[PDB]
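[1] Experimental structure and sequence below.
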Amino acid sequence: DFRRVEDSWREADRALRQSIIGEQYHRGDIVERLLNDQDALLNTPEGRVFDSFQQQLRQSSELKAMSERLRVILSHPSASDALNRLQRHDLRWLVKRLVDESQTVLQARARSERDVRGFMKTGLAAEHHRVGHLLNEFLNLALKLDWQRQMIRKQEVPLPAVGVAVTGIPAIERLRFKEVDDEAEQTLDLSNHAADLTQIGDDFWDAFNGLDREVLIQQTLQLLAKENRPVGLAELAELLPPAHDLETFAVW
Amino acid sequence: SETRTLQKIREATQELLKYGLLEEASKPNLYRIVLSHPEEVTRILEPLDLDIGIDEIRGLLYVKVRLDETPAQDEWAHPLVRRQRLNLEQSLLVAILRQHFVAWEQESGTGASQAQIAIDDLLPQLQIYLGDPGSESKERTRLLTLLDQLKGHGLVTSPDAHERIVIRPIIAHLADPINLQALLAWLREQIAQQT
Amino acid sequence: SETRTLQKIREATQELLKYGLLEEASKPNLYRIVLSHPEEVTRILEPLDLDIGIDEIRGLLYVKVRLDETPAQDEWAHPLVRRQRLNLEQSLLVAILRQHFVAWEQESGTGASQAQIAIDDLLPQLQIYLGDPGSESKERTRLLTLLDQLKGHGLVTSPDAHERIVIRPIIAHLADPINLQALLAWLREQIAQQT
Amino acid sequence: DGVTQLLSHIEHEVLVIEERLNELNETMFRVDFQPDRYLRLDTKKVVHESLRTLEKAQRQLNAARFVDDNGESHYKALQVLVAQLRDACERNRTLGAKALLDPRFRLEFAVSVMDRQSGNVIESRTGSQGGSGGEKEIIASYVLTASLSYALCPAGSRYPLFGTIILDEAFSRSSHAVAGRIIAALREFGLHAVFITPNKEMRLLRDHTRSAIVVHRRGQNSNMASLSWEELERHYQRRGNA
Amino acid sequence: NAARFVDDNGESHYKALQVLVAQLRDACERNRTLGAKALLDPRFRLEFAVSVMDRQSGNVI
Amino acid sequence: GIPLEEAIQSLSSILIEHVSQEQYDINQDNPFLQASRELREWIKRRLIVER
Amino acid sequence: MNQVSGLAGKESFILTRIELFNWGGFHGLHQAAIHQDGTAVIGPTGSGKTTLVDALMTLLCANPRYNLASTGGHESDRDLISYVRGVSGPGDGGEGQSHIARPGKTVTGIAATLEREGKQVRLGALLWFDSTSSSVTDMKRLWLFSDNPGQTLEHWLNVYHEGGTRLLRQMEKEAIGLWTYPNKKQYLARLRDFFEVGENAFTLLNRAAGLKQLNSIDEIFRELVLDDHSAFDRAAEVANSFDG
Ligand SMILES: Nc1ncnc2c1ncn2[C@@H]1O[C@H](COP(=O)(O)OP(=O)(O)O)[C@@H](O)[C@H]1O
């Protein structure tokens, strides 16, 4: 129950702060506890049993008494048969860890007591009460607004401006300009050679201009409509000059 | 050969103006400089119509618009204040985050803790008001956009590797009880007017 | 009970900070007030390591980074001002615009007004060095976009109905104009090498 | 925790594929393969001998689980089943091995072209390879297009949100007359297409695209220009005069 | 749903649940009012309608 | 107290080793995120305490 | 004909740009625009065509199959390291150990722009080496997602050169509409959420570039769509466990 004791002090710190926050005459139940140098977190349930446990543990002689007897017992041949390595090791150093755990708890209690004492100072309990109350009022009231309308959601509210930052003054002298260097040369090259297709391979261009059969189709259809007569392939080539030779013919 | 403000002070003021806020947990040195000489800093910022809002409790100095008597209000109209006035959807998230920051602050230790909340935590809270868009991806995108707008206001940080955000202390001074009351009164008038 | 600076001076300084320059042709009221009280504005900007560059001939006020001794720190840094390095195309376009602006100044006397230029005049100049993008449509698109970027930096304006853009007076002050000349010489020398 | 889970997982996967094909048919039913034909899909099941040997082994395992012999018959029956698994695993590319351990190999595939109004199958390619190089390229290019459209469409929506698809030498075995139909089908699915074509087919695509990126190498430096077909022709004319 | 997220030791959640259960009891007491039946009867939350159509012409006739 | 990062890694490794199992719904797309999500489910479940 | 042309770009995101920097054989900065009514990448064989597709497939898939067009059926020859280093294995004649175009410290960036009714979504990726090492683990990555039009690949590279990776993290902090993911797994999940498609959709898109090596309907279906999901590896684990 070492852990259980710490939980109690945490709760006692919780309950103590609530009383300070939730009580309307803070001045009274603050000085009565601040001028004092007692525990201020006296959780008499588990937490005073720990105080008694501390007193017995701190007594010398007996604690060293066990530690010697333990190792005597762990040394017995049957002890290895009873326990195992983990259990044997844990039992052997038992008194050491009890003191460490007892130390661990004691610092925690001292810390929590110091923290709660610090909270009592700065007299912010009143503000927490007023702010906590106001927020619950605002949040419950905001349920009456219509949040599906952008007009409402973008409405301006009268909240003040806190944390105004003056930054980025123009200060015309602030501007600095590119200086000749390797990257500057590279940038010039990229700008010039972009959209510079002269060196582009020839074949790219040839594949660029090929028979566009969509235009050829309509021109042919118009040609047949005008003549409106059965036209052979040879005649069509004569009338319509193919710019790609067999490519046009395959379409026809 | 001429009157020059102390170099420590000039550096502190510039850092204050550059980031808008100075936090002890991040830049403790400049923080103390401004704190040590609040009069000097206030004099520097007076020409700019900006005033410093101190919070020794949280170790947080921030710059706010200074209105002499009644500069037609519209503090957001100040020439040097960038960004745009928070809208209803952002304000709803600010309250949602602020309600998270108040809860963390109640359980606050004695050192820096940097209140954090998982992004997946805010989804159920928002969906109640903005409705169900149809899919988790749609609502997750919606949440990320809102958090991104807020981060411009300095109220949060971009989600980290665990999908967790950090709520900055400036939220405690934005949605403070004074400003919350003003917003609640404005919202109530909006509800009555619509009806 | 305070010593609040003059409202007009505060307005001008905020105007100067937001835009970084003040032009008599544009904001005559704000420009005049700065001239009337140059000492106050320089005092206001001193804590920010900034200063106002007076230029009456062209009727232009600009903010210059008033740094410390900064011994030969050509890589100076200012928290408020972010340094930017333009692209090669943007550099050349600025260089072309810069030389033409000076030519207009010589041809009409110093302090000239509305040193304009025609879009069709810039295209042949860009085509000489940058090369042919591939068509008149592309050449116009490249030139227009570059002008868009420069206008964002405050050196030129958008084109009017007559396809003319006015070089802003700010071009006179460009920190290190020598490198602008050097690039053009390197550019011309390269083209002469090709031909 | 094994064998049975592995076998169930494979059978579950086949069920997913059958569902996916079933829900892919509805997407194709909205697009006409031919002017008024449209295309459908049939799955069918593989009858490979290895699968039948598996079903016998599974039946023996199930019957063995009811024997009261301290897990002796159950162990023996499991031993046969695992041996079958390793045998297939060792020969990880035999048709019998693939059908046993690959979800998309336990069922066949077949395309069927129907009539828009007359629901009777008009031409059922029940595998039935029996097709020219162009015909198969026509079926495959169309089937992929339908698959791509369905995949990019968010659930419950008939319009993909990521409308770009890239084809690299898509058409090489089909005539220019049938290639145009594929481009017609691709567009009607709502998919914006970016084609990578070899030097050939340049006018095949010239009727279905409005611009082209020209990739030319100049030694060890590749360059690209995005020029409209009209601007490309003007470059050719300058070449003809150069 | 909104109250379930408040950090007040289950106070707002309790109040909202109280409102809901009050609605439920109100409906239960008047177990034959149209509102109560719609609230607590599965086959009363939705209407019913018939439509005669054409065997070939799918439009409702 | 085990640092959160180490637990996320240790839990993630275990998740991958049983990706085949259907009962666990372990997704191979990003186990490390699944590992982290699982811990948070048991931190707000009060099994473990994060500090 | 033209009337249907306007549908694209209305209900969907269509690629409308590609930018590269020291990618494959595209030394320096190159930009390519894409038309909303289709576009063709044309040129002499082996100039840059398949490299361009690979640059785009990298931004989309987790393990892209590079050169599925020609190497389909067997393992791809090139990989991410080669594209960053710009090796020229095929192109030889005086090959000095593969002509590693960029052997030293180098940075490569690839950005793709997608638009729909004025909404821009720009994917990106920064891959750089700090030394001469060519092992996979020595390549530093920074995947970028952006919806702000002002976040262009040129800007990202400008940031990287000025202040390296440290400045990049700072830029994201103050930048609106920018997300940067040091690990590609998180970045891909962001893409799925935005486009509302699972990993299978993009993996199929990559396999669509290797459609050349096609055969009977069976091989198109069993090798092109409906990704592997085979259980040849789980069988080995089951067999090994049974051995115990
Ligand atoms: N990562 C690389 N590995 C090998 N060669 C490469 C690589 N990147 C570019 N190259 C070279 O650049 C050219 C790329 O040719 P490419 O256009 O992409 O193939 P394809 O003919 O299918 O269109 C080839 O000559 C190739 O040798």
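    Good, I have the coordinates. Numbers count the residues shown, from 1 in each chain, chains lettered A, B, ... in the order given.

[2] Report the contact partners of whichever residue of the stretch 101-250 of chain A sits closest to chain B.
    Sorted by distance to chain B under C-beta to the nearest C-beta, the residues of the stretch 101-250 of chain A start with residue A:165, at 3.6 Å. Placement of C-beta: from N, CA and C, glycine included. Residue A:165 makes contact with B:17, B:18, B:19, B:20, B:63, B:82, B:154 under the criterion C-beta atoms under 8 Å, 6 or more residues apart in numbering or on different chains.

[3] let's go with 10 Å and repeat that
    B:16-21, B:62-63, B:80-83, B:154, C:80, G:174 (C-beta atoms under 10 Å, 6 or more residues apart in numbering or on different chains).

[4] Pick out the residue in chain G sitting closest to chain E.
    Closest residue of chain G to chain E, C-beta to the nearest C-beta: residue G:193 (23.9 Å).

[5] In strands only, show me the contacts of residue A:165.
    Residues of those located in strands (DSSP state E): B:21, B:62, B:63.

[6] Let me have the residues you listed in JSON lines, adding neighbour count as columns.
    Below are those laid out as JSON lines (neighbours: other C-beta atoms under 10 Å in any protein chain shown):
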{"residue": "B:21", "neighbour count": "25"}
{"residue": "B:62", "neighbour count": "24"}
{"residue": "B:63", "neighbour count": "27"}
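
[7] what's the closest non-adjacent residue to residue G:129?
    Spatial nearest neighbour of residue G:129, chain neighbours left out: residue G:106 (5.4 Å); criterion: C-beta to C-beta, 6 or more residues apart in numbering or on different chains.

[8] and the one you found, what does it touch?
    Residue G:106 makes contacts with G:21, G:22, G:84, G:85, G:86, G:100, G:127, G:128, G:129, G:130, G:132, G:139, as judged by C-beta under 10 Å, 6+ apart.

[9] Spell out the secondary structure type for the second one.
    On the three-state scheme (DSSP: H, G, I helix; E, B strand; the rest coil), residue G:22 is labelled strand.

[10] so it makes contact with residue G:105?
    No. When contacts are counted by C-beta atoms under 10 Å, residue G:22 is not listed as touching residue G:105 (11.3 Å).

[11] Which one of the two is surrounded by more residues?
    For residue G:22 versus residue G:105, neighbours defined as other C-beta atoms under 10 Å in any protein chain shown are more numerous around residue G:22 (24 against 11).

[12] residues near residue 49, how many?
    No chain specified, so I'll use chain A. Around residue A:49 there are 14 residues (other C-beta under 10 Å).

[13] was after chain F, sorry
    So residue F:49, with other C-beta under 10 Å, has 10 neighbours.

[14] which SS class is it?
    coil.

[15] Please identify which helix or strand holds the residue nearest to the spatial centre of chain G.
    Nearest to the mean C-alpha position of chain G, by C-alpha atoms, centre = their mean, lies residue G:58 at 1.6 Å. Here residue G:58, judged by DSSP states H and E, is contained in helix G:49-60.

[16] Tell me if that helix is near the ligand.
    Yes. Applying C-beta under 6 Å from any ligand atom, one finds helix G:49-60 touching the ligand at G:49, G:50, G:51.

[17] Which of those sits closest to residue B:74?
    residue G:51 (54.4 Å; C-beta to C-beta).

[18] Return the distance of that closest one relative to residue G:24.
    4 Å (C-beta to C-beta, to the nearest Å).

[19] Break down chain A into its strands, ranges please.
    Assigned by DSSP E, chain A shows strands spanning A:175-176.

[20] who in it is up against chain G?
    Proximity of chain A to chain G, by C-beta under 10 Å from any C-beta of the partner chain, involves residues A:165, A:167-168, A:183, A:185-191, A:194, A:197, A:200-204, A:207-208.

[21] any bit of the longest helix seen in chain D sitting next to chain G?
    Longest helix in chain D, counting residues (DSSP state H): helix D:4-28. Yes. Using C-beta under 10 Å from any C-beta, helix D:4-28 comes into contact with chain G via D:4, D:5, D:6, D:7, D:9, D:10, D:13, D:16, D:17, D:20, D:21, D:24.

[22] cool, and stretch F:1-19?
    Yes. Using C-beta under 10 Å from any C-beta, stretch F:1-19 reaches chain G at F:17, F:19.
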